[PDB]
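In: from the sequence below, what's the structure:
(chains A and B)
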There are 2 protein chains.
Amino acid sequence: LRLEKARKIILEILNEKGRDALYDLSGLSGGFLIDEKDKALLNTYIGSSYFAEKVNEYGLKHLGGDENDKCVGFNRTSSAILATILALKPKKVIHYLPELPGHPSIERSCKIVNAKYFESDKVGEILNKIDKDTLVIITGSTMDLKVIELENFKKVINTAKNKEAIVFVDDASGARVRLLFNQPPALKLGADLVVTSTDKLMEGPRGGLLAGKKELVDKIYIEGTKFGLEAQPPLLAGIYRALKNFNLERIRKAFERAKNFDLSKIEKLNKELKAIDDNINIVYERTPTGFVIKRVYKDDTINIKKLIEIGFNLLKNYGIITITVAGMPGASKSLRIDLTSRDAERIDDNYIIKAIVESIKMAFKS
Amino acid sequence: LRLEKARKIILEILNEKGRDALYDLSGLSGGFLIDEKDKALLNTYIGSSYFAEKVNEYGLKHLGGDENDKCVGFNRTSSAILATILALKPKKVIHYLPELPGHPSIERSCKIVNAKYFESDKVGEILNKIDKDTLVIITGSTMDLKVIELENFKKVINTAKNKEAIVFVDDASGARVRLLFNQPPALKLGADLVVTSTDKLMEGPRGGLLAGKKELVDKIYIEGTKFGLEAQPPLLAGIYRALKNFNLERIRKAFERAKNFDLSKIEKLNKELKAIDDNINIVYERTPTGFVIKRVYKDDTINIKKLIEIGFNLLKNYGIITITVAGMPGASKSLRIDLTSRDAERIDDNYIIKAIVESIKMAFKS
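Out: Numbering: from 1, shown residues only, chains lettered A, B, ... in the order given. Pasting the structure now:
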């Protein structure tokens, strides 16, 4: 897994300056935000019950559960899905989602219990398959911001109600995303169960929350504990802190910041650097969460080299962590800035744009 | 889950004094020992690869693996067992263990893959069932300190070798316990795979380590990741710190301390307090890991009440956390002190014995 050189310099910055000098803007970061009180608690037996109770409390509030509901932590959303399918042992699973193909954990879990599986992004193909023997799973959204249409969501729930089928909402991102679109929480729509991810537009570790009718959640949690699928206390502490700190407005503001970010200095630099070399060609794109610099040079092989070099310049000189700083592609390759990142709250637009401009300039010294 | 009153006072001590004033001697504690550098790293994308690499390095060293081996973290030992059985899909699993009955995760995992399962603590019943279609699982020890006889361990491994069967050692405690008995690590005995727990005679969270032939470990880890069975980075950080800090001699010394602990002041107090009330009857027992106070009063109902009260007196006045401080039995009930606990390193015998004597005396004020 080549490129512990990024690991090296991060450790150097940590040693010489400290954690406040590091800014991970890559977007792909688990957020582990526990304090000393939490750490103390995790080193006692009462820690397990303490963080499970806090997760129940703040998770129910987040998921719009009522007094007949419970919320529990799973290691990942996939873990909650496996546990649910193992516990409920449905004959068939019907999966409604915004776009094909789905994430594979549901189908894989079905294969283990020998349940039939069908998926579709067409409400018509979903309704006519619902019966007493089907578990109905609705994925509420994608990180791309596509959502299930509200009227369709209600239609699926209605048919399930008429057929006595259990409705399980995969709100891995949807518990945040659909709410940005002014949709109610899954449990408020009448879902029997909901799962969400603790790091998708939330400042927690990757992790799963499962909430819903006490009886169902209990059965599923017991099943999950047989195989260590449930979240351990250190994970529950990270989840608690993510939930305690969560506010939808923070997310809305970060989307606004990306919408408003002044990227004109990139274009200015582009024109300026052609004095040096007419093959320099900075290509950028505004994104819903920030922006991406897709290329800096016309020749493809040199382009790669410089994007990585710029990534290192950003890390070394400004403490900004991005993807280019790893070894080659496999994931993105382009220099991506995600302004929804927690660390982006610690720096202004001016800092980010200056870091970007100066890091590119440094890469093109004649 | 009655008795957040223990949670309450722990939080009071934490606020008023701090974490160094708390000593969890109950024995049943997950040890989450990460530092600020670790916490910093967990808030970056490079954290996942960093702690996975450290776990591989220190886990291989702990488990006596060679250059052809890898060590990976699972959420729990049960998670590693499920992942292994899901990946290898054996027709039959043969489970050799020191005493019946076994822990259920293996049999439960077998039920999911429709594999046959057999267990026995008799080497004779194990050898004649081994064939090409059997996964052979040897549980090396119990926390009770019973171990598989070395010659039996070698016999099982030999038969498996002759039958081309895979040998998987459940060293959940055995990776420490069997070594106290001067046995080699599982991988050194020729096991293809080994699993151990990161909190059984080790200062880590509950968690699983799976080590062995690179190819096998890779297959199993990929299978585990389908369902979030693998350890997330915050858990890997706790495991790393447990492994880095691990030394067998520390465990040997704690066992010696328990062996040598002067408990005579308990007997002295017993005689002294009969002046007050001839129904007071302190009954204690030395344990391999420390000692237990089993009763303090002849009447059973009052006995219960006072044991809990003493537990609270220990917590309030001396910061010692034990089981009696929770609501009634279900687990132990008696006041147990486990000197293998990390927090026991922060206090001398004098402190513990004085805390115990004074806490009992306080409970019997006339």
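In: in terms of helices and strands, where is the most far-flung residue of chain A relative to its centre?
Out: Farthest-out residue of chain A from its mean C-alpha position, per Cα atoms, centre = their mean: residue A:275, at 41.6 Å. For residue A:275, there is no helix or strand it lies in under DSSP states H and E.
In: go on, residue A:154?
Out: Here residue A:154 is assigned to helix A:150-163, by DSSP H and E.
In: list the helices and strands that helix packs on?
Out: helix A:123-127, strand A:134-139, strand A:167-170, helix A:186-189 (3 or more Cβ pairs under 8 Å, 6 or more residues apart in numbering or on different chains; DSSP states H and E). All C-beta atoms are positioned from the backbone trio N, CA, C, and that covers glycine.
In: how big is the angle separating the second one from helix A:150-163?
Out: By that I understand strand A:134-139. 170 degrees (axes from the mean of the first three to the mean of the last three Cα atoms, to 10 degrees).
In: what strands flank strand A:134-139, and is each parallel or antiparallel?
Out: According to DSSP bridges, strand A:134-139 forms sheet pairs with strand A:92-96 (parallel), strand A:167-170 (parallel).
In: which stretches of the stretch 201-350 of chain A form strands?
Out: Ranges of strands in the stretch 201-350 of chain A, per DSSP state E, counting those that start in this stretch, are A:208-213, A:280-286, A:290-297, A:320-321, A:335-338.
In: got those as JSON lines, with distance to residue B:224 and mean neighbour count columns?
Out: Shown next, in JSON lines, are the strands of the stretch 201-350 of chain A (distance: least, Cβ to Cβ, whole Å; neighbours: other Cβ atoms under 10 Å in any protein chain shown):
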{"stretch": "strand A:208-213", "distance to residue B:224": "15", "mean neighbour count": "27"}
{"stretch": "strand A:280-286", "distance to residue B:224": "37", "mean neighbour count": "16"}
{"stretch": "strand A:290-297", "distance to residue B:224": "33", "mean neighbour count": "21"}
{"stretch": "strand A:320-321", "distance to residue B:224": "28", "mean neighbour count": "26"}
{"stretch": "strand A:335-338", "distance to residue B:224": "28", "mean neighbour count": "24"}
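In: just want the residue of the stretch 101-250 of chain A that's nearest chain B.
Out: residue A:228 (2.7 Å; Cβ to the nearest Cβ).
In: count of residues packed around whichever residue of the stretch 1-150 of chain A sits closest to chain B?
Out: Chain B sits closest to residue A:76 of the stretch 1-150 of chain A, with a gap of 2.7 Å, by Cβ to the nearest Cβ. Counted with other Cβ atoms under 10 Å in any protein chain shown, residues neighbouring residue A:76 total 29.
In: apart from its chain neighbours, what residue comes closest to it?
Out: residue B:228 (2.7 Å; Cβ to Cβ, 6 or more residues apart in numbering or on different chains).
In: would you mind listing what in the stretch 51-200 of chain A touches chain B?
Out: Contacts of the stretch 51-200 of chain A with chain B, taken as Cβ under 8 Å from any Cβ of the partner chain, map to A:53, A:74-79, A:81-82, A:86, A:104-105, A:108-109, A:112.
In: restricted to helices, list these.
Out: Judged by DSSP state H, the subset of those located in helices is A:53, A:77, A:78, A:79, A:81, A:82, A:86, A:105, A:108, A:109, A:112.
In: list the contacts of the fourth one.
Out: To tie it back to what came earlier, the one meant is residue A:79. A:208, A:224, A:229, A:230, B:227, B:228, B:229 (Cβ atoms under 8 Å, 6 or more residues apart in numbering or on different chains).
In: from the residues you listed, which land in helices?
Out: residue A:224.
In: can you name the residues in contact with stretch A:216-226?
Out: Under Cβ under 8 Å, 6+ apart, the answer for stretch A:216-226 is A:69-72, A:74, A:79-80, A:82-84, A:86-88, A:166, A:192-193, A:210-211, A:230, B:78, B:104-105, B:108.
In: mind listing what's buried in that stretch?
Out: A:216, A:217, A:220, A:221, A:223, A:224, A:226 (16 or more other Cβ atoms under 10 Å in any protein chain shown).
In: need the max-distance pair from these.
Out: Greatest spatial distance among these (Cβ to Cβ): A:216 and A:226, at 16.6 Å.
In: among the residues of the stretch 51-200 of chain A next to chain B, which ones are buried?
Out: A:74, A:75, A:76, A:77, A:78, A:79, A:81, A:82, A:86, A:105, A:108, A:109.
In: correct me, but the first one touches residue A:208?
Out: Yes. Assessed by Cβ atoms under 8 Å, residue A:74 is found in contact with residue A:208 at 3.5 Å.
In: where do the contact lists of those two overlap?
Out: Contacts common to residue A:74 and residue A:208, judged by Cβ under 8 Å, 6+ apart, are A:80, A:195, A:231, B:228.
In: tell me the secondary structure of the second one, please.
Out: Think residue A:195. For residue A:195, the assignment made with DSSP: H, G, I helix; E, B strand; the rest coil gives strand.
In: relative to residue B:317, how far out is the nearest residue to it once chain neighbours are set aside?
Out: Residue nearest to residue A:195 in three dimensions, not counting chain neighbours: residue A:80, with 4.6 Å by Cβ to Cβ, 6+ apart. Distance from residue A:80 to residue B:317, counting by Cβ to Cβ, to the nearest Å: 43 Å.
In: neighbour-wise, which of those two wins?
Out: residue A:80 (36 against 12).
In: highest average neighbour count across the helices and strands packed on helix A:150-163?
Out: Compared across these, strand A:167-170 shows the largest average neighbour count, a mean of 29 (mean count of other Cβ atoms under 10 Å in any protein chain shown).
In: got the residues of the stretch 251-366 of chain A near chain B?
Out: Counting by Cβ under 8 Å from any Cβ, the stretch 251-366 of chain A sits next to chain B at A:321, A:342, A:343.
In: next up, the contacts around the second one.
Out: Taking Cβ under 8 Å, 6+ apart, we find residue A:342 in contact with A:29, A:31, A:203, B:43.
In: one more time with 10 Å
Out: Taking Cβ atoms under 10 Å, 6 or more residues apart in numbering or on different chains as the criterion, residue A:342 is in contact with A:23, A:24, A:25, A:29, A:31, A:33, A:203, A:242, A:245, A:250, A:254, B:43.
In: returning to that earlier point: closest one to residue A:158 out of the residues of the stretch 51-200 of chain A next to chain B, please.
Out: The closest of those, once distances to residue A:158 are taken by Cβ to Cβ, is residue A:81, at 23.5 Å.
In: right, and the closest one touches residue A:197 too?
Out: No. Counting by Cβ atoms under 10 Å, residue A:81 stays clear of residue A:197, with 11.3 Å between them.
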